[PDB]
Amino acid sequence: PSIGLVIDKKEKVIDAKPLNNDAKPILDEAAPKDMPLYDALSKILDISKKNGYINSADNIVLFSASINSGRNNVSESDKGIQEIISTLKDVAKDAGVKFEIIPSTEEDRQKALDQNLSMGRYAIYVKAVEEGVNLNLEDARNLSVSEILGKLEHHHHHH
Amino acid sequence: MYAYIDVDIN
């Protein structure tokens, strides 16, 4: 399941976008629209293990977050993204899952959607492709998070 | 709109 949860200034998901078709059944049962980030994200994790996409013994959930400037003030989003990161891992602790959080950029966000990937899948795709791990966009469409992360572990060659 | 959280499972 590749999901994009678009939140507003009050951390609630205004709209949820499936970047991959397997996310659609998850979002259906989750219903994260009009839901605060904590419960919404918890639903995505909860519903995915119930549908058998992940098992609780090995579930690395990837979280990537970018602040697409609809709020900024002057120095808000710097510490604001930290409020995001702390919630992403807190929900991962809630669900009892393992996590990898790679913060995304707005530039990265539009690259992700152009590759037909979620920012999570893409953030680690772009990591792996730099590491010398040969990933195709089709491999990124298909291979699991645990497969992509596992390849970084045994073959790490770049920053 | 503020942030996009893209979550990858499986």
# chains A, B, ... in the order shown; residues from 1 in each chain; ligands from 1
$ closest_atom_pairs --of "stretch 51-127 of chain A" --to "chain B" --cutoff "9 Å" --atoms "only C-alpha atoms" --output "JSON lines"
{"residue": "A:53", "atom": "CA", "partner": "B:10", "partner_atom": "CA", "distance": 5.7}
{"residue": "A:54", "atom": "CA", "partner": "B:10", "partner_atom": "CA", "distance": 6.0}
{"residue": "A:59", "atom": "CA", "partner": "B:9", "partner_atom": "CA", "distance": 7.8}
{"residue": "A:60", "atom": "CA", "partner": "B:9", "partner_atom": "CA", "distance": 7.2}
{"residue": "A:61", "atom": "CA", "partner": "B:9", "partner_atom": "CA", "distance": 5.1}
{"residue": "A:62", "atom": "CA", "partner": "B:8", "partner_atom": "CA", "distance": 4.8}
{"residue": "A:63", "atom": "CA", "partner": "B:7", "partner_atom": "CA", "distance": 4.7}
{"residue": "A:64", "atom": "CA", "partner": "B:6", "partner_atom": "CA", "distance": 5.2}
{"residue": "A:65", "atom": "CA", "partner": "B:5", "partner_atom": "CA", "distance": 4.3}
{"residue": "A:66", "atom": "CA", "partner": "B:4", "partner_atom": "CA", "distance": 5.3}
{"residue": "A:67", "atom": "CA", "partner": "B:3", "partner_atom": "CA", "distance": 4.2}
{"residue": "A:68", "atom": "CA", "partner": "B:3", "partner_atom": "CA", "distance": 5.6}
{"residue": "A:69", "atom": "CA", "partner": "B:2", "partner_atom": "CA", "distance": 6.1}
{"residue": "A:70", "atom": "CA", "partner": "B:1", "partner_atom": "CA", "distance": 5.1}
{"residue": "A:71", "atom": "CA", "partner": "B:2", "partner_atom": "CA", "distance": 5.7}
{"residue": "A:72", "atom": "CA", "partner": "B:2", "partner_atom": "CA", "distance": 8.5}
{"residue": "A:77", "atom": "CA", "partner": "B:2", "partner_atom": "CA", "distance": 8.8}
{"residue": "A:81", "atom": "CA", "partner": "B:3", "partner_atom": "CA", "distance": 8.2}
{"residue": "A:84", "atom": "CA", "partner": "B:3", "partner_atom": "CA", "distance": 8.3}
{"residue": "A:88", "atom": "CA", "partner": "B:5", "partner_atom": "CA", "distance": 8.7}
{"residue": "A:104", "atom": "CA", "partner": "B:5", "partner_atom": "CA", "distance": 8.9}
{"residue": "A:109", "atom": "CA", "partner": "B:4", "partner_atom": "CA", "distance": 8.2}
{"residue": "A:118", "atom": "CA", "partner": "B:6", "partner_atom": "CA", "distance": 5.8}
{"residue": "A:119", "atom": "CA", "partner": "B:6", "partner_atom": "CA", "distance": 5.3}
{"residue": "A:120", "atom": "CA", "partner": "B:6", "partner_atom": "CA", "distance": 5.5}
{"residue": "A:121", "atom": "CA", "partner": "B:8", "partner_atom": "CA", "distance": 6.1}
$ write_last_selection --atoms "N, CA and C atoms" --output "mmCIF file, in the first residue's frame"
data_model
loop_
_atom_site.group_PDB
_atom_site.id
_atom_site.type_symbol
_atom_site.label_atom_id
_atom_site.label_comp_id
_atom_site.auth_asym_id
_atom_site.auth_seq_id
_atom_site.Cartn_x
_atom_site.Cartn_y
_atom_site.Cartn_z
ATOM 1 N N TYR A 53 -0.863 -7.541 3.896
ATOM 2 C CA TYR A 53 0.217 -6.939 3.096
ATOM 3 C C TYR A 53 1.523 -6.946 3.872
ATOM 4 N N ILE A 54 1.407 -6.863 5.175
ATOM 5 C CA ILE A 54 2.532 -6.939 6.075
ATOM 6 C C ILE A 54 2.202 -7.859 7.214
ATOM 7 N N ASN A 59 7.606 -5.908 9.540
ATOM 8 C CA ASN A 59 6.903 -4.824 8.949
ATOM 9 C C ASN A 59 7.658 -3.557 9.095
ATOM 10 N N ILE A 60 8.370 -3.235 8.066
ATOM 11 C CA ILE A 60 9.047 -1.963 7.969
ATOM 12 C C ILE A 60 8.152 -1.051 7.168
ATOM 13 N N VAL A 61 7.691 -0.023 7.804
ATOM 14 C CA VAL A 61 6.859 0.939 7.175
ATOM 15 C C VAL A 61 7.672 2.196 6.928
ATOM 16 N N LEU A 62 7.602 2.655 5.736
ATOM 17 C CA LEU A 62 8.334 3.783 5.279
ATOM 18 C C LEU A 62 7.427 5.010 5.375
ATOM 19 N N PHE A 63 7.960 6.099 5.867
ATOM 20 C CA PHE A 63 7.218 7.337 5.966
ATOM 21 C C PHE A 63 8.055 8.458 5.390
ATOM 22 N N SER A 64 7.527 9.145 4.432
ATOM 23 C CA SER A 64 8.172 10.298 3.880
ATOM 24 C C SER A 64 7.231 11.475 3.932
ATOM 25 N N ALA A 65 7.711 12.610 4.383
ATOM 26 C CA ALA A 65 6.855 13.767 4.518
ATOM 27 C C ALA A 65 7.511 15.008 3.972
ATOM 28 N N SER A 66 6.772 15.749 3.180
ATOM 29 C CA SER A 66 7.230 16.992 2.622
ATOM 30 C C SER A 66 6.236 18.087 2.950
ATOM 31 N N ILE A 67 6.723 19.242 3.301
ATOM 32 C CA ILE A 67 5.850 20.359 3.557
ATOM 33 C C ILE A 67 5.713 21.206 2.309
ATOM 34 N N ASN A 68 4.590 21.031 1.651
ATOM 35 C CA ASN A 68 4.240 21.771 0.473
ATOM 36 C C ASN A 68 3.592 23.011 0.957
ATOM 37 N N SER A 69 4.338 24.078 0.824
ATOM 38 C CA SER A 69 4.097 25.387 1.376
ATOM 39 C C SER A 69 2.685 25.984 1.195
ATOM 40 N N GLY A 70 1.835 25.647 2.130
ATOM 41 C CA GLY A 70 0.538 26.256 2.271
ATOM 42 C C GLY A 70 0.463 26.941 3.629
ATOM 43 N N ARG A 71 1.541 26.791 4.355
ATOM 44 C CA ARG A 71 1.775 27.324 5.661
ATOM 45 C C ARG A 71 3.284 27.463 5.684
ATOM 46 N N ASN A 72 3.810 28.507 6.297
ATOM 47 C CA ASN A 72 5.266 28.736 6.303
ATOM 48 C C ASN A 72 5.622 29.738 7.388
ATOM 49 N N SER A 77 7.853 25.762 9.298
ATOM 50 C CA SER A 77 7.947 24.445 8.667
ATOM 51 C C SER A 77 9.211 23.663 9.039
ATOM 52 N N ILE A 81 7.985 20.277 10.490
ATOM 53 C CA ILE A 81 8.300 18.959 9.936
ATOM 54 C C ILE A 81 8.737 18.005 11.067
ATOM 55 N N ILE A 84 5.783 16.556 12.564
ATOM 56 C CA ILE A 84 5.335 15.528 11.638
ATOM 57 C C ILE A 84 6.097 14.228 11.916
ATOM 58 N N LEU A 88 4.962 10.471 13.065
ATOM 59 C CA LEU A 88 5.158 9.323 12.140
ATOM 60 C C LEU A 88 5.735 8.116 12.874
ATOM 61 N N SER A 104 10.937 14.228 2.871
ATOM 62 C CA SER A 104 10.941 14.549 1.487
ATOM 63 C C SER A 104 10.960 16.045 1.277
ATOM 64 N N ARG A 109 8.658 15.416 -3.958
ATOM 65 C CA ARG A 109 7.222 15.123 -4.041
ATOM 66 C C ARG A 109 6.737 15.061 -5.492
ATOM 67 N N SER A 118 4.949 6.630 -4.543
ATOM 68 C CA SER A 118 4.713 7.437 -3.390
ATOM 69 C C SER A 118 6.038 8.011 -2.980
ATOM 70 N N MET A 119 6.020 9.062 -2.200
ATOM 71 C CA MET A 119 7.262 9.719 -1.788
ATOM 72 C C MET A 119 8.110 8.815 -0.932
ATOM 73 N N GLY A 120 7.481 7.872 -0.206
ATOM 74 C CA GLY A 120 8.224 6.922 0.604
ATOM 75 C C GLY A 120 9.029 5.978 -0.258
ATOM 76 N N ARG A 121 8.320 5.301 -1.154
ATOM 77 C CA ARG A 121 8.870 4.341 -2.109
ATOM 78 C C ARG A 121 9.942 5.007 -2.968
#
$ residues_around --residues "residue A:20" --least-positions-apart "4" --cutoff "10 Å" --atoms "only C-alpha atoms" --output "PyMOL selection string"
(chain A and resi 1-4+24+116-118+141-142) or (chain B and resi 8)
$ write_last_selection --atoms "N, CA, C and O atoms" --output "compact mmCIF listing (two decimals), in the first residue's frame"
# COMPACT_ATOMS: atom_id res chain seq x y z
N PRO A 1 0.81 -1.18 0.00
CA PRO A 1 0.00 0.00 0.00
C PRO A 1 0.85 1.25 0.00
O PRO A 1 1.64 1.46 0.92
N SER A 2 0.74 2.03 -1.06
CA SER A 2 1.41 3.32 -1.13
C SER A 2 0.36 4.46 -1.02
O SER A 2 -0.43 4.70 -1.96
N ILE A 3 0.38 5.17 0.09
CA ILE A 3 -0.65 6.18 0.43
C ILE A 3 -0.01 7.56 0.57
O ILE A 3 1.09 7.65 1.01
N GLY A 4 -0.70 8.59 0.13
CA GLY A 4 -0.32 9.93 0.45
C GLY A 4 -1.41 10.61 1.25
O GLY A 4 -2.52 10.77 0.78
N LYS A 24 -5.77 1.63 -2.35
CA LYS A 24 -7.20 1.91 -2.45
C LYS A 24 -8.08 1.10 -1.44
O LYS A 24 -8.88 1.71 -0.73
N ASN A 116 5.49 7.56 -10.58
CA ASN A 116 4.33 6.68 -10.20
C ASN A 116 4.68 5.93 -8.94
O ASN A 116 4.52 4.72 -8.80
N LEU A 117 5.19 6.66 -8.03
CA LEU A 117 5.56 6.15 -6.76
C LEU A 117 5.08 7.12 -5.72
O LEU A 117 4.79 8.28 -6.01
N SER A 118 4.95 6.63 -4.54
CA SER A 118 4.71 7.44 -3.39
C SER A 118 6.04 8.01 -2.98
O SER A 118 7.09 7.48 -3.38
N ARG A 141 7.68 -0.37 -8.30
CA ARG A 141 6.21 -0.64 -8.33
C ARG A 141 5.88 -1.95 -7.62
O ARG A 141 4.81 -2.11 -7.05
N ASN A 142 6.82 -2.88 -7.70
CA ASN A 142 6.57 -4.26 -7.32
C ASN A 142 7.20 -4.73 -6.01
O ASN A 142 6.51 -5.30 -5.20
N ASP B 8 4.54 4.08 2.91
CA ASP B 8 4.77 2.87 2.17
C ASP B 8 4.82 1.67 3.01
O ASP B 8 5.66 1.52 3.90
$ closest_residue --among "A:45, A:35, A:140, A:113" --to "chain B" --atoms "only C-alpha atoms"
A:45
$ select_by_dssp --residues "stretch 16-153 of chain A" --states "alpha helix (DSSP H)" --output "count of residues only"
79
$ residues_around --residues "stretch 29-32 of chain A" --least-positions-apart "5" --cutoff "10 Å" --atoms "only C-alpha atoms" --output "number ranges by chain"
A: 5-6, 12-16, 24, 37-48
$ write_last_selection --atoms "N, CA, C and O atoms" --output "short mmCIF file (atom, residue, chain, number, x, y, z; two decimals), in the first residue's frame"
data_model
loop_
_atom_site.label_atom_id
_atom_site.label_comp_id
_atom_site.auth_asym_id
_atom_site.auth_seq_id
_atom_site.Cartn_x
_atom_site.Cartn_y
_atom_site.Cartn_z
N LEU A 5 -1.09 11.00 2.44
CA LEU A 5 -2.00 11.68 3.33
C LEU A 5 -1.69 13.15 3.28
O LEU A 5 -0.64 13.59 3.74
N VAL A 6 -2.57 13.91 2.70
CA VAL A 6 -2.37 15.33 2.61
C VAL A 6 -3.05 15.96 3.82
O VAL A 6 -4.25 15.86 3.97
N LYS A 12 -4.90 17.37 10.10
CA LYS A 12 -5.85 16.43 9.69
C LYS A 12 -5.82 16.22 8.21
O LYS A 12 -5.53 17.15 7.44
N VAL A 13 -6.08 15.01 7.82
CA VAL A 13 -6.02 14.61 6.46
C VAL A 13 -7.23 15.14 5.72
O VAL A 13 -8.37 14.77 6.00
N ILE A 14 -6.98 16.03 4.81
CA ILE A 14 -8.00 16.63 4.01
C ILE A 14 -8.36 15.71 2.85
O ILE A 14 -9.52 15.61 2.47
N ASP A 15 -7.36 15.00 2.33
CA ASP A 15 -7.56 14.05 1.25
C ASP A 15 -6.44 13.03 1.25
O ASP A 15 -5.29 13.35 1.58
N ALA A 16 -6.78 11.81 0.92
CA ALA A 16 -5.85 10.73 0.85
C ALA A 16 -5.78 10.24 -0.59
O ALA A 16 -6.81 9.98 -1.22
N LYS A 24 -5.77 1.63 -2.35
CA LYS A 24 -7.20 1.91 -2.45
C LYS A 24 -8.08 1.10 -1.44
O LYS A 24 -8.88 1.71 -0.73
N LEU A 37 -3.91 13.15 11.90
CA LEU A 37 -2.68 12.43 11.44
C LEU A 37 -2.44 11.14 12.24
O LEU A 37 -2.23 10.10 11.65
N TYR A 38 -2.52 11.23 13.57
CA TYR A 38 -2.29 10.09 14.47
C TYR A 38 -3.22 8.90 14.17
O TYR A 38 -2.74 7.80 13.94
N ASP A 39 -4.53 9.15 14.11
CA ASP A 39 -5.50 8.06 13.90
C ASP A 39 -5.48 7.61 12.45
O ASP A 39 -5.52 6.43 12.18
N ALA A 40 -5.35 8.58 11.54
CA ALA A 40 -5.34 8.35 10.09
C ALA A 40 -4.20 7.44 9.69
O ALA A 40 -4.40 6.46 9.00
N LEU A 41 -3.01 7.76 10.17
CA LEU A 41 -1.81 7.00 9.87
C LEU A 41 -1.86 5.63 10.54
O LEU A 41 -1.42 4.63 9.95
N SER A 42 -2.48 5.57 11.73
CA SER A 42 -2.65 4.34 12.48
C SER A 42 -3.56 3.39 11.72
O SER A 42 -3.29 2.20 11.67
N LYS A 43 -4.59 3.95 11.06
CA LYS A 43 -5.52 3.20 10.24
C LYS A 43 -4.82 2.56 9.06
O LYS A 43 -5.02 1.41 8.80
N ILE A 44 -3.95 3.33 8.38
CA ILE A 44 -3.17 2.82 7.23
C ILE A 44 -2.33 1.58 7.62
O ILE A 44 -2.29 0.60 6.88
N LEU A 45 -1.77 1.60 8.81
CA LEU A 45 -0.91 0.52 9.28
C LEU A 45 -1.75 -0.69 9.71
O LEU A 45 -1.46 -1.84 9.34
N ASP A 46 -2.80 -0.38 10.45
CA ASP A 46 -3.76 -1.35 11.01
C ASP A 46 -4.45 -2.15 9.91
O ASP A 46 -4.43 -3.38 9.93
N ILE A 47 -4.97 -1.45 8.93
CA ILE A 47 -5.69 -2.05 7.84
C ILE A 47 -4.75 -2.87 6.91
O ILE A 47 -5.14 -3.93 6.39
N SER A 48 -3.48 -2.45 6.78
CA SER A 48 -2.55 -3.17 5.92
C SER A 48 -2.13 -4.52 6.50
O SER A 48 -1.95 -5.49 5.74
#
$ closest_residue --among "A:152, A:57, A:133, A:102" --to "chain B" --atoms "only C-alpha atoms"
A:102
$ closest_residue --among "A:100, A:8, A:107, A:28" --to "chain B" --atoms "only C-alpha atoms"
A:8
$ select_by_dssp --residues "chain A" --states "strand (DSSP E or B)" --output "MDAnalysis selection string"
chainID A and resid 2:7 12:18 35:36 55 58 60:67 98:101
$ write_last_selection --atoms "N, CA, C and O atoms" --output "compact mmCIF listing (two decimals), in the first residue's frame"
# COMPACT_ATOMS: atom_id res chain seq x y z
N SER A 2 0.74 2.03 -1.06
CA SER A 2 1.41 3.32 -1.13
C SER A 2 0.36 4.46 -1.02
O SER A 2 -0.43 4.70 -1.96
N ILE A 3 0.38 5.17 0.09
CA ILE A 3 -0.65 6.18 0.43
C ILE A 3 -0.01 7.56 0.57
O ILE A 3 1.09 7.65 1.01
N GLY A 4 -0.70 8.59 0.13
CA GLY A 4 -0.32 9.93 0.45
C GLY A 4 -1.41 10.61 1.25
O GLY A 4 -2.52 10.77 0.78
N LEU A 5 -1.09 11.00 2.44
CA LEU A 5 -2.00 11.68 3.33
C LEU A 5 -1.69 13.15 3.28
O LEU A 5 -0.64 13.59 3.74
N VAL A 6 -2.57 13.91 2.70
CA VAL A 6 -2.37 15.33 2.61
C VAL A 6 -3.05 15.96 3.82
O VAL A 6 -4.25 15.86 3.97
N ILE A 7 -2.27 16.57 4.68
CA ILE A 7 -2.80 17.19 5.88
C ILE A 7 -2.79 18.70 5.73
O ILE A 7 -2.10 19.25 4.83
N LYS A 12 -4.90 17.37 10.10
CA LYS A 12 -5.85 16.43 9.69
C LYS A 12 -5.82 16.22 8.21
O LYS A 12 -5.53 17.15 7.44
N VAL A 13 -6.08 15.01 7.82
CA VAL A 13 -6.02 14.61 6.46
C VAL A 13 -7.23 15.14 5.72
O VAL A 13 -8.37 14.77 6.00
N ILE A 14 -6.98 16.03 4.81
CA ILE A 14 -8.00 16.63 4.01
C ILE A 14 -8.36 15.71 2.85
O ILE A 14 -9.52 15.61 2.47
N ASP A 15 -7.36 15.00 2.33
CA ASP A 15 -7.56 14.05 1.25
C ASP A 15 -6.44 13.03 1.25
O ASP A 15 -5.29 13.35 1.58
N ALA A 16 -6.78 11.81 0.92
CA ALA A 16 -5.85 10.73 0.85
C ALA A 16 -5.78 10.24 -0.59
O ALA A 16 -6.81 9.98 -1.22
N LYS A 17 -4.58 10.15 -1.10
CA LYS A 17 -4.32 9.76 -2.46
C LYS A 17 -3.63 8.38 -2.53
O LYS A 17 -2.65 8.15 -1.82
N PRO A 18 -4.16 7.41 -3.30
CA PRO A 18 -3.46 6.15 -3.53
C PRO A 18 -2.48 6.31 -4.71
O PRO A 18 -2.87 6.65 -5.83
N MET A 35 -9.76 12.87 9.28
CA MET A 35 -9.21 12.21 10.44
C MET A 35 -7.86 12.86 10.78
O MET A 35 -7.11 13.20 9.86
N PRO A 36 -7.56 13.10 12.09
CA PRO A 36 -6.24 13.61 12.53
C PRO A 36 -5.11 12.61 12.17
O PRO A 36 -5.36 11.39 12.17
N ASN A 55 3.21 -8.49 7.75
CA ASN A 55 3.07 -9.34 8.89
C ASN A 55 3.72 -8.61 10.04
O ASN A 55 4.66 -7.86 9.81
N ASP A 58 7.68 -8.91 10.64
CA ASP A 58 8.52 -8.07 9.80
C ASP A 58 7.68 -7.09 9.02
O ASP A 58 7.07 -7.43 7.99
N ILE A 60 8.37 -3.24 8.07
CA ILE A 60 9.05 -1.96 7.97
C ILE A 60 8.15 -1.05 7.17
O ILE A 60 7.83 -1.34 6.01
N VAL A 61 7.69 -0.02 7.80
CA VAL A 61 6.86 0.94 7.17
C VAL A 61 7.67 2.20 6.93
O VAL A 61 8.37 2.70 7.81
N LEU A 62 7.60 2.66 5.74
CA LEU A 62 8.33 3.78 5.28
C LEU A 62 7.43 5.01 5.38
O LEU A 62 6.25 4.94 5.03
N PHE A 63 7.96 6.10 5.87
CA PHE A 63 7.22 7.34 5.97
C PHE A 63 8.06 8.46 5.39
O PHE A 63 9.19 8.66 5.81
N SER A 64 7.53 9.14 4.43
CA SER A 64 8.17 10.30 3.88
C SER A 64 7.23 11.48 3.93
O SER A 64 6.07 11.34 3.60
N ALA A 65 7.71 12.61 4.38
CA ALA A 65 6.85 13.77 4.52
C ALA A 65 7.51 15.01 3.97
O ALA A 65 8.68 15.27 4.25
N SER A 66 6.77 15.75 3.18
CA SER A 66 7.23 16.99 2.62
C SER A 66 6.24 18.09 2.95
O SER A 66 5.02 17.86 2.91
N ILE A 67 6.72 19.24 3.30
CA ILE A 67 5.85 20.36 3.56
C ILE A 67 5.71 21.21 2.31
O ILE A 67 6.61 21.97 1.95
N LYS A 98 7.98 -1.45 12.59
CA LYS A 98 9.30 -0.86 12.44
C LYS A 98 9.17 0.23 11.41
O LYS A 98 8.28 0.17 10.56
N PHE A 99 10.02 1.20 11.45
CA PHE A 99 9.87 2.34 10.58
C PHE A 99 11.16 2.82 9.97
O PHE A 99 12.26 2.54 10.47
N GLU A 100 11.01 3.50 8.86
CA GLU A 100 12.07 4.24 8.24
C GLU A 100 11.47 5.53 7.72
O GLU A 100 10.58 5.52 6.89
N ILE A 101 11.94 6.62 8.25
CA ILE A 101 11.42 7.91 7.91
C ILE A 101 12.46 8.70 7.13
O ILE A 101 13.54 9.01 7.65
$ decode --residues "chain B" --atoms "C-alpha atoms" --output "short mmCIF file (atom, residue, chain, number, x, y, z; two decimals), in the first residue's frame"
data_model
loop_
_atom_site.label_atom_id
_atom_site.label_comp_id
_atom_site.auth_asym_id
_atom_site.auth_seq_id
_atom_site.Cartn_x
_atom_site.Cartn_y
_atom_site.Cartn_z
CA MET B 1 -2.50 22.20 2.65
CA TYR B 2 0.55 21.79 4.73
CA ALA B 3 2.24 18.46 4.46
CA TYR B 4 2.15 15.37 2.41
CA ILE B 5 2.84 12.17 4.21
CA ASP B 6 3.47 9.31 1.91
CA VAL B 7 3.35 6.01 3.61
CA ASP B 8 4.77 2.87 2.17
CA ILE B 9 3.77 -0.47 3.33
CA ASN B 10 4.58 -3.71 1.43
#
